[PDB]
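K.L.:
This is the structure, below, for whatever I ask next.
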Ligand code: HEM
Ligand code: HEM
Ligand SMILES: CC(C)(C)OC(=O)N[C@H](CS[C@H](Cc1ccccc1)C(=O)NCCCc1cccnc1)Cc1ccccc1
Ligand SMILES: CC(C)(C)OC(=O)N[C@H](CS[C@H](Cc1ccccc1)C(=O)NCCCc1cccnc1)Cc1ccccc1
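Protein chains in written order, with UniProt numbering: chain A, 29 to 194, 199 to 211, 218 to 259, 269 to 280, 289 to 496; chain B, 29 to 261, 268 to 280, 289 to 496.
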């Protein structure tokens, strides 16, 4: 099954038996995609075990997979298991059950519901300034992911459940240890049903048994939880827990990690951090509380977040599974081949970005954003199955950037890893934690 | 009220009672703004009747009005009336209504939407080449405004509604004949010179259902858009308004559609006629432009989205023509509260105007400003260009929302036409071109040129 790409005339690295091309992951998913982006061109194919993975870079072919042929061919992602009861997760759901869950959780982040969340986040924006003021009056380098993780945990637990959880909070402690052995599932896809019918999972039982019991305590009979009960009156009780774990993890690990990526760039680029503080003071003088209209008005704030998401796409890749024999843009893709879109390799392609290594917010300016292909820059994906919490994540991260830059400035320390080396492992994280100096204003 | 600029120490022509400085418009908006820019300097003020109009020319002062203090101070334009139900149009909406309509219509011209419209425009390009070939085999000078307006009406009606109204031409198509008379602003006509100068005459006409647009063209466009709703039966301009309606009104949908139909017809065809006039009067520029198209698109290759963005000299010819002929001429903003920008106090109610025509021909910014030199916008010299002195589409949140669509439709026309034909002047070609001394930016005599095939 490894002579597939040799047959279709699609180039790619020579796979090893059983392992495939996984031994080339020693530098990471991103480094392997960039090396293959230069070695083989625009389209190459490699193997994750015996699972054939086809990488595409043509924007027209990307649009056909993500947007056009979504409900017809490229509907589901790579089968991920064993998950146990977490099979009902919208991020892992497939075919008809996904459309029911996607349409059930879509009204969670409308412009009206997002406008209601601004006063809720405005409360947590003050405790963030107060806790950072303690670490500002005392010369101590701040572990940013720590305090941002506490801020990111309160937002998603309040804007989705209405419950207040407020340094050793058992949620942040449990939600973080979903962070190895997967090396086997890529090589034993047949061991996935070995653990399904016999009920074995990959997620630790304690992080699920706690969250399953916490959602039941949350079931105090318009929120993200209130939508799932009104739609129940068909939604199951165990399916309700699976969607909460995805929202709790996405609201904590994604927002806080990107916020840590933004502060590092602003501290390592003083003129960029200064120009952003001046704009924030202009739109919001006297440290005025931010509103939904003032968040979208700050364009340089949007140009900074879009540039950081370009350099640091936490998802790195985009995966879709071809469910039947099709031919898109004059290229045949067999059934079962996982079509992959290297977001990291395309965000730093020298043939689409000038100086793709450096932090230049001028790329996303309204003067220059017309030269950016929306299918090359995909930090949240695209199509009907993109990031459903995209507008919620962009709002929460900007609310933290506004409320903090009004009161503090960020400078590098001695222990600040400059340049920031990304973790050579799996998910997109720095090797050493992001620590910076905080000075009051 | 005519002593406002005397109080603020701002220069300007002495106004007359009631009329103000309107009588200096005997040569037009452009000649008046250029005479004031040379006599009074960087900042001057005049009166459109009793309405004080402050003209600014400083790049930092223009950037503050158009970009910086947009949502807070300079958000709306001069009140234009009587318009009737057309007050809900995005170009005339004010404050929260415009902010709701602007975000509602911005996804119409994204990079993906414009790339979807290329195969649709490519269809009408072949019809344009065919009609230009009939008047080319026979030695007959062509009124470019006619053949480009029909092409501009085909493109904007299909890419925004999905309906094909003009077919094979049809030199008596109703849309072009009704849209060309939608609004013909003239000073020699009293009605406009009657208002403009006096604003205590707008609310009377509103209660009489009197509008600046004739009822014949509004009642037709009211039923034409209503007939243009065919669902159940793509995602275009019409599809965006209905999906956002499911709070958009029904008559508000026709209001925004009338603006898109007019802008797609008048702006695209008028600038194209200005471009072809410079190409015929400068065969070297037309030759050098034809060689670039043959290099990117050999053997008459069909133009695509990516190949259009590659032609630099095509972008340089369009930019220099838009410099010599800014169809908007002016950029006006209303100061809604007392402010002090760049060390200058501006009272509330004063209309801040940016003379785009006078700035595009300023000798202290452009070397030989009256000469057609596309080399000004070359990558060697484009860095020596201030983006707030050359504003053919405005700047800031309330700029031309159809800028990237207009630039594409004109280039897609220039490519497919120059691939097959060359343009030369005639006996009846007005050389030099005299601009209309009236209101809107048009030539006096229509641009007529001979069409030779290749
Ligand atoms: C900087 C922050 C975030 C980034 C960059 C991000 C990125 C992404 C990406 C790339 C995808 C896949 C798109 C595709 O496959 O085409 C995705 C899916 C998803 N995102 Fe996010 N995300 C972020 C934050 C969030 C947040 C705060 C939530 C809150 C609920 C969330 C919920 C989801 C869900 C549920 C999915 C799966 C959707 C589906 O399977 O239909 N994400 N995200
Ligand atoms: C060569 C072609 C065109 C030129 C030079 C041009 C120029 C301009 C200028 C200078 C403005 C005012 C900007 C400001 O005040 O800051 C404007 C506004 C506008 N233009 Fe155009 N335009 C062109 C074609 C088009 C097209 C094709 C459309 C299609 C819809 C369009 C729709 C509009 C609208 C709706 C506004 C008002 C925007 C608002 O009020 O928010 N224009 N145009
Ligand atoms: C990396 C590897 C090989 C291990 O496999 C993936 O884990 N890969 C996913 C498949 S299942 C994933 C598992 C999971 C993780 C944490 C908690 C619960 C389940 C999953 O459901 N996570 C949804 C998290 C929400 C989120 C996270 C980041 C950005 N936005 C939203 C495929 C996938 C990757 C990235 C985005 C969406 C889907
Ligand atoms: C000569 C005078 C007084 C009229 O003076 C202006 O022309 N002044 C406008 C004010 S109302 C204008 C009226 C109108 C005209 C024709 C059809 C419908 C309404 C208006 O709304 N037309 C929008 C047309 C779209 C367009 C036209 C040209 C370029 N792009 C887009 C203020 C104004 C000027 C320039 C751009 C936008 C607004």
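Even for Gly, the Cβ is constructed at its ideal location relative to N, Cα and C.
1. Should residue 36 of chain B be listed as close to ligand 2, given that the test is whether its C-beta is under 8 Å from any heavy atom?
2. One question on the structure: do residue 407 of chain B and residue 428 of chain B come within less than 9 Å of each other, judged by their Cβ atoms?
3. Over the uninterrupted beta strand (DSSP E) stretch that includes residue 380 of chain A, give me the two end residues.
4. Is residue 300 of chain B close to ligand 2? I mean its beta-carbon at under 8 Å from any heavy atom of the ligand.
5. Using a Cβ-Cβ distance under 9 Å, would residue 430 of chain B count as near chain A?
6. Distance check for residue 165 of chain B and residue 401 of chain B, CA to CA, integer angstroms please.
7. Report yes if the CB atom of residue 153 of chain B is closer than 9 Å to the CB atom of residue 458 of chain B, and no otherwise.
8. State yes or no: is the C-beta of residue 489 of chain A within less than 9 Å of the C-beta of residue 160 of chain A?
9. To the nearest angstrom, report how far apart residue 253 of chain B and residue 49 of chain A are at their CA atoms.
10. With H, G and I counted as helix, E and B as strand and the rest as coil, what does DSSP make of residue 145 of chain B?
11. Do you know how far the Cα of residue 205 of chain A is from the Cα of residue 249 of chain A?
12. In chain order, which continuous runs of the beta strand (DSSP E) of length 3 or greater are located wholly inside the region 337-407 of chain B?
13. When you measure from the CB of residue 205 of chain A to every non-hydrogen atom of ligand 3, does any distance come out below 8 Å?
14. Along the region 43-65 of chain A, what residues have a CB closer than 7 Å to any CB found in chain B?
15. Looking at the C-beta of residue 3 of chain B, does it have a partner C-beta in chain A at a distance below 9 Å?
16. Count the other CB atoms, across all protein chains shown, that sit within 10 Å of the CB of residue 121 of chain B; report buried if there are 16 or more and exposed otherwise.
17. Looking at C-beta atoms only, is the number of pairs between the region 460-469 of chain B and the region 316-332 of chain B that lie closer than 8 Å three or more?
18. Please compile the residues from chain B whose C-beta is within a distance smaller than 8 Å of the C-beta of residue 425 of chain A.
19. For residue 127 of chain A and residue 207 of chain A, I'd like the C-alpha separation in whole angstroms.
20. Starting from residue 264 of chain B, trace the alpha helix (DSSP H) in both directions and tell me its first and last residue.
21. Check residue 81 of chain A in the structure and name its three-state DSSP category.
22. Reducing DSSP to helix, strand and coil, say where residue 294 of chain A ends up.
23. Residue 338 of chain B to residue 328 of chain B, Cα distance in whole Å?
24. Any heavy atom of ligand 4 within a distance shorter than 8 Å of the CB on residue 363 of chain B?
25. Could you tell me whether any non-hydrogen atom of ligand 3 is closer than 8 Å to the CB of residue 108 of chain A?
26. Using beta-carbon positions only, say whether residue 298 of chain B and residue 133 of chain B come within less than 9 Å of one another.
27. Can you give the Cα-Cα distance for residue 484 of chain B and residue 474 of chain A, rounded to whole angstroms?
28. Taking the C-alpha atoms as reference points, what is the distance between residue 124 of chain A and residue 169 of chain A?
29. From which residue to which residue does the alpha helix (DSSP H) around residue 319 of chain A run?
30. Select from B/80, B/271 and B/346 the residue whose C-alpha is nearest the C-alpha of residue 389 of chain B.
31. Given residue 278 of chain B, which residues of its chain have a CB within under 6 Å of its CB, disregarding the five upstream and five downstream residues?
32. How would you write the range of the alpha helix (DSSP H) that residue 449 of chain B sits in, first residue to last?
33. According to the Cβ coordinates, are residue 78 of chain B and residue 231 of chain B closer than 9 Å?
34. Would you report the Cα separation of residue 369 of chain B and residue 313 of chain B, rounded to the nearest angstrom?
35. If the criterion is Cβ atoms closer than 9 Å, does the pair residue 361 of chain A and residue 432 of chain A meet it?
36. Hey, does residue 469 of chain A have any beta-carbon neighbour from chain D nearer than 9 Å?
P.N.:
Let me spell this out:
1. no
2. yes
3. Element bounds for residue 380 of chain A: n/a, residue is neither H nor E.
4. no
5. no
6. 42 Å
7. yes
8. no
9. 58 Å
10. coil
11. 12 Å
12. 372-376, 381-383, 386-388 and 393-397
13. no
14. none
15. Look at the range of chain B in this structure, 29 to 496, and you will see that residue 3 of chain B is not part of it.
16. buried
17. yes
18. 139 and 446
19. 26 Å
20. Here chain B breaks off after 261 and picks up again at 268, leaving residue 264 of chain B without coordinates.
21. strand
22. helix
23. 16 Å
24. no
25. yes
26. yes
27. 58 Å
28. 49 Å
29. 310-323
30. B/80
31. 132
32. 445-460
33. no
34. 8 Å
35. yes
36. The question asks about chain D, but that chain is absent: this structure's protein chains are A and B.
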